[PDB]
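Participant:
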Amino acid sequence: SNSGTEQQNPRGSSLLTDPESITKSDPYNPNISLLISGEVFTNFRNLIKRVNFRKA
Amino acid sequence: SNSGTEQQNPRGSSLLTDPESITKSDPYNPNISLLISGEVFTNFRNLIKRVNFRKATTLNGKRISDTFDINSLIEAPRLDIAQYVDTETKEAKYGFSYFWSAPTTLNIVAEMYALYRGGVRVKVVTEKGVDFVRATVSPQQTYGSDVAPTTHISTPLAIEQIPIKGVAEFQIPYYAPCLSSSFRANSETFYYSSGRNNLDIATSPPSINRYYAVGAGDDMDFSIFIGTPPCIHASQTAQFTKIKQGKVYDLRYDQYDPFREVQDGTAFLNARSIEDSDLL
Amino acid sequence: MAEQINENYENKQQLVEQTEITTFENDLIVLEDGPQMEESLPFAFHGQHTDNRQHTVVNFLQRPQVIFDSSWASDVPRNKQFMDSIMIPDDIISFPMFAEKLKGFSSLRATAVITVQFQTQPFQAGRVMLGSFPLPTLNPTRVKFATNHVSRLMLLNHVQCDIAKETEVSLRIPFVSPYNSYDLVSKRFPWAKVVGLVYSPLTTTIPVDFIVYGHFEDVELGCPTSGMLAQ
Amino acid sequence: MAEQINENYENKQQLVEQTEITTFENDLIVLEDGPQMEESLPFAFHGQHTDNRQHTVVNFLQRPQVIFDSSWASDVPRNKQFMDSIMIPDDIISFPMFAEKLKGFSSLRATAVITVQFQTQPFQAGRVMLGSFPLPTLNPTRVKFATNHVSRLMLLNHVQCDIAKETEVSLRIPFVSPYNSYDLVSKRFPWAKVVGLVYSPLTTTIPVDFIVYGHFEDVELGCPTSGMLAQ
Amino acid sequence: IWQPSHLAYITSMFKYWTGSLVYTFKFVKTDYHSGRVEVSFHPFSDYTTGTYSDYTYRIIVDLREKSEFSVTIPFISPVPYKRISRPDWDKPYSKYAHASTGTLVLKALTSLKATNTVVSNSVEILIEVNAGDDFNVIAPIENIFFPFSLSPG
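Protein chains in written order, with this note's numbering: chain A, 3 to 58; chain B, 19 to 298; chain C, 20 to 250; chain D, 20 to 250; chain E, 578 to 730.
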């Protein structure tokens, strides 16, 4: 459940699975970044392509 | 029939069906817009793509930047009341004025609607000798801080080179928390419905005059019909009353468009924007 | 998953009992008792206190609620108000029948229905217009110019009434906002301002009386909340 | 039936539209308009303001509500109260979560559930009793004699807790009355008085803390009412 | 210089965020302490006077043997996205209404029970923050934090 004696949210577990919702139901809303932003951001590998000024 | 006891043409019925013809026959002629005009007009969503000039930045110095709000461009500019004083006889004459501004094709459509959604297109014309023009958007408010930064390190940058492309065209996306945003002024302060964005146009070397032309981006969409805006007659642009030091045009306007003549109207003395409370 | 080898503590997954909203998760022991072998009396024996129907919180919102009950004489002319303006839904959900129910809910997304009655003996004339300006707090620049004159209200979403023909009139205002819903805890972003103008004045001395009803349909209530803000 | 031959007045059976509670029956004409061809946005576009669930007025009554949150030391002995007495349901439905919902209802017939938590580190001892005297306003002669002593409360409907064993305790009190329901507009005839005695005193200095929850199940709400009485 | 959260830094270059968050509570204690806490999520409001937590999704956890606690707090807001900002602990929700969904509260239901001759009277609450699974972040036109590198000494 949400509480107990074992570590309820270690690192290795946070990377994969979320704890139970406070509602004890589905807590997730659907991704609508493409529907409002008009674009989707998922990985910093793409974002670094953006060129900004660095030195002079 | 054409008459009766029930409402013969309410709004909800006018949107869908027309009343019977006076001829009691088919009253409709076929669409031949494509056959005479050579083109077809059906939706204002396409017409707003047309870009016309909107504002001009003259009254600053030789700067290397010009920051201003983006949603203010979807509004039609404020109409101002101009006080003119006769340098000789010292009596006042009164007219109207657009202070370094003018509406766009876009502004004719946007003033019929309540909310907007989509990107705005801004194209700049500069003076001679300018080599570059750069565009960047920034949030205008670092939320929770009394001050906003003067630089940014992850913002968009877009460089156009004037002497090889004379008009610097930029497209500013829709960045706001909500589905469809608001573009008019309000006193709401609890949380916000507008996406408040700045837009910084730079020139290398620094210059004084910046002429801006605005238009609708592809994804432009307005939401709720509200009604026709307050308008001014276009013929009022050429009507003038003569006084000693020159002409006083009923609708006074500046060289907002770097390709229009400068009208021969004398400068005013005071300007006052028509408030909503001034209407009688 | 970080793997965990536990043998001294039971994964007490029972002793975890959600009751509608509140989740208890307990250690030691959970106990429960009462009179055993519970029965209920048949419905003839009681049920003289109830109707043969159930009322949720969605109705109580679909109920019409009187907002106005007044009149207007022949002294008011065209383009002037015959009724006070109504903020949707602020001037509706502030009545106790609705407010007591909306409490404990975050927000509200629904279409509102403004109905107005009209009293006429067949010797009276006149027409009257009932319109709605969307989102008046977001475009305050444009409110009073779209509502000070007939023919700028009627091209908006409006409903007319011929005094000598219509005895009831109801305008359906769907929810519309830059947002998903209407914040109830802060009452932020009303989605229309109902205004009532005079399309044509009265032709006799006898005033006309009217009743303004308001309810909601297409009701989507938000998340449960305490609903209290600092001041 | 007295037979009636009418030919000058239409049996206008339409223009009769009940909306949940209110019935309009109209003459002349009923009109209704708005923006036509109404659609709705799909649920991804909004619905960030709601949970994937609906709440009626029956829940909001099935929700546990905190009544008490206190302690009791080792100075209180057997046969003395460790918690204040609770009138069922007066001391429950007077909290705003319930009272705001029960409003607009005539009466309530339901079984009430009193749950009590107990905090113990494993070094503490003692036992505590939680009983309920039925209909205390109808037999006031007998209340304080059936609740001043353990062994006159525990033969009533009661629930005990060994401080070092039970961390939660819940007594189910079914509705019981000479009547069908519990008058809400006048708050007449509470069906139990929950009292809390000490079966055995504490053996250490460290007091024990407790939380008292209360909710209802088997809920039959009455007829809708205004619910206001003269004074 | 106050330094940014992991989430603060990662969302520092964007402008708006959304999605559920995961708040973890550690209680450094033994099996011989005891206590009830109440974790109630008030989605649109503050926690002030007249704020009953019985209206809200809450979890009453009995901390006798149990020691940790972790919940996914959903995204409930009138806006599909809320604002990234300079963080402020000591602000209510009614201010920062544009950057937060609501307030979460960890509230004692009870004193801490403990015999003083073997265990302590204090137990430290340790709060962690994780960012759910639907956590989406848009509009990359802001900067709240400038990073720098250090010089070798």
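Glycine included, every Cβ here is placed at the ideal spot set by N, Cα and C.
Tell me the DSSP secondary structure of B:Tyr209 in three-state form.
Facilitator: DSSP places B:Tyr209 in coil when its eight states are reduced to three.
Participant: Can at least three beta-carbon pairs, one atom from the stretch 163 to 172 of chain C and one from the stretch 579 to 590 of chain E, be found at a separation below 8 Å?
Facilitator: The answer is no - the stretch 579 to 590 of chain E does not touch the stretch 163 to 172 of chain C, with fewer than three Cβ pairs under 8 Å.
Participant: Is C:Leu190 closer than 7 Å to C:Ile111 when the C-beta atoms are compared?
Facilitator: Not closer than 7 Å, so no.
Participant: Quick one: grab the DSSP three-state call for B:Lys111.
Facilitator: Here B:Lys111 sits in strand by DSSP.
Participant: How would you call residue 541 of chain E, buried or exposed, if buried means at least 16 neighbouring beta carbons within 10 angstroms?
Facilitator: Since the first residue of chain E shown is 578 and the last is 730, residue 541 of chain E is not available in this structure.
Participant: Between the beta-carbon of B:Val151 and the beta-carbon of B:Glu178, is there less than 7 Å?
Facilitator: Yes. Within cutoff.
Participant: Using a C-beta to C-beta distance shorter than 7 Å, which residues of chain B count as neighbours of E:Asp665?
Facilitator: Within 7 Å Cβ-Cβ: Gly162.
Participant: Using the DSSP secondary-structure output, state which residues sit across from D:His234 in a beta bridge.
Facilitator: According to DSSP, D:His234 bridges with D:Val132.
Participant: Report the rounded CA-to-CA distance for residue 252 of chain D versus D:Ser151, giving the unit in angstroms.
Facilitator: Beyond the ends of chain D as shown, which are 20 and 250, falls residue 252 of chain D; an answer cannot be given.
Participant: Using a Cβ-based criterion (distance less than 6 Å to any ligand heavy atom), does B:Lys260 qualify as near the ligand GDP?
Facilitator: Ligands displayed in this structure: none; no statement on the ligand GDP is therefore possible.
Participant: Starting from the beta carbon of E:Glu719, find every residue of chain B whose beta carbon is closer than 8 Å, and list them in chain order.
Facilitator: Result: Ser156, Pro157, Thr160, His170, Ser172, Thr173.
Participant: According to the neighbour-count rule (16 or more other Cβ atoms, all chains shown, within 10 Å of its Cβ), is E:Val614 buried or exposed?
Facilitator: Buried.
Participant: Buried or exposed: where does C:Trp210 fall if 16 or more other Cβ atoms within 10 Å of its Cβ makes it buried?
Facilitator: With 16 or more Cβ atoms within 10 Å of its Cβ, C:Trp210 is classed as buried.
Participant: Which residue comes first and which comes last in the beta strand (DSSP E) that contains C:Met102?
Facilitator: Start and end: 100 to 107.
Participant: Compare the C-alpha of C:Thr160 against each of B:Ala166, B:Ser200, B:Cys196 and name the closest.
Facilitator: The option with the nearest alpha carbon to C:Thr160 is B:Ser200.
Participant: At a Cβ cut of 8 Å, what residues of the stretch 60 to 84 of chain D count as close to chain A, listed as they run along the chain?
Facilitator: Listed by position along the chain: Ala63, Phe64, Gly66, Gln67, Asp70, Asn71, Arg72.
Participant: Per DSSP, which residues does B:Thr85 bridge with? Please list them.
Facilitator: Answer is B:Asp218, bridged to B:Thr85.
Participant: Residues in the stretch 211 to 233 of chain D with C-beta within 7 Å of chain E's C-beta atoms, listed in sequence order?
Facilitator: Of all residues in the stretch 211 to 233 of chain D, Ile225, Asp228, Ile230 have a Cβ within less than 7 Å of some Cβ in chain E.
Participant: Who are the near neighbours of C:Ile230 in its chain, counting only those whose CB is closer than 8 Å to its CB and skipping five residues on each side?
Facilitator: Closer than 8 Å at Cβ, skipping near neighbours: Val85, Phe87, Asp88, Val135, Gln136.
Participant: Starting from the C-beta of E:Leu683, find all residues in its chain whose C-beta is less than 6 Å away, skip the five residues before and the five after it, and write them out in chain order.
Facilitator: Correct list, in chain order: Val614, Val616.
Participant: Would you grab the beta carbon distance between C:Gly145 and C:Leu221 for me? Rounded to a whole angstrom, and I think it's under 8 Å.
Facilitator: Confirmed, about 5 Å.
Participant: I want to know whether the stretch 73 to 84 of chain B touches the stretch 272 to 287 of chain B - three or more CB-CB distances under 8 Å.
Facilitator: Judged by Cβ distances under 8 Å, the stretch 73 to 84 of chain B makes contact with the stretch 272 to 287 of chain B, as three or more pairs qualify.
Participant: Determine whether the Cβ of E:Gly709 lies closer than 7 Å to any Cβ atom of chain C.
Facilitator: It does not; no Cβ of chain C falls within 7 Å.
Participant: Examine the Cβ distances between the stretch 31 to 39 of chain B and the stretch 100 to 114 of chain D and report whether three or more of them are shorter than 8 Å.
Facilitator: The stretch 31 to 39 of chain B, when compared against the stretch 100 to 114 of chain D, does not touch it at the 8 Å Cβ threshold.
Participant: Only counting the same chain, and skipping five residues up and downstream in sequence, which positions put a Cβ closer than 8 Å to that of B:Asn78?
Facilitator: Around B:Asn78: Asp84, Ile226.
Participant: Going along the chain, which residues of the stretch 627 to 640 of chain E sit with their C-beta nearer than 7 Å to a C-beta in chain A?
Facilitator: Taking 7 Å as the Cβ-Cβ cut-off against chain A, the residues of the stretch 627 to 640 of chain E that qualify are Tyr634, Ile636, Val638.
Participant: Under a CB-based cut-off of 7 Å, is A:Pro12 close to chain C?
Facilitator: Closer than 7 Å: yes.
Participant: Would you say A:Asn54 reaches chain B, if we count a Cβ-Cβ gap shorter than 7 Å as a contact?
Facilitator: So, interface residue.
Participant: Consider the Cβ of C:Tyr201: report whether some Cβ of chain B lies at a distance smaller than 7 Å.
Facilitator: Not one chain B Cβ lies under 7 Å of C:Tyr201.
Participant: Within 10 Å of its beta-carbon, does E:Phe723 have 16 or more other beta-carbons around it, so buried, or fewer, so exposed?
Facilitator: When all chains shown are included, E:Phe723 counts as exposed.
Participant: Cα separation between A:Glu41 and A:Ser35?
Facilitator: Computed Cα separation, rounded: 6 Å.
Participant: Just the Cα atoms here: how many angstroms apart are A:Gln10 and A:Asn4?
Facilitator: If I take the Cα positions, the gap works out to 7 Å.
Participant: For B:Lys73, write down the residues that DSSP places opposite it in a beta bridge.
Facilitator: Its beta-bridge partners are B:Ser119, B:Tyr230.
Participant: Shorter than 7 Å from the beta carbon of C:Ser126 to some beta carbon of chain D?
Facilitator: Taking Cβ atoms only, chain D reaches closer than 7 Å to C:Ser126, which makes this a yes.
Participant: In chain D, what lies closer than 8 Å to E:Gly612 by C-beta?
Facilitator: Result: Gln138.
Participant: Less than 7 Å between the C-beta atoms of D:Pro155 and D:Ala131, yes or no?
Facilitator: In this structure, D:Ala131 does not lie closer than 7 Å to D:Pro155 by Cβ.
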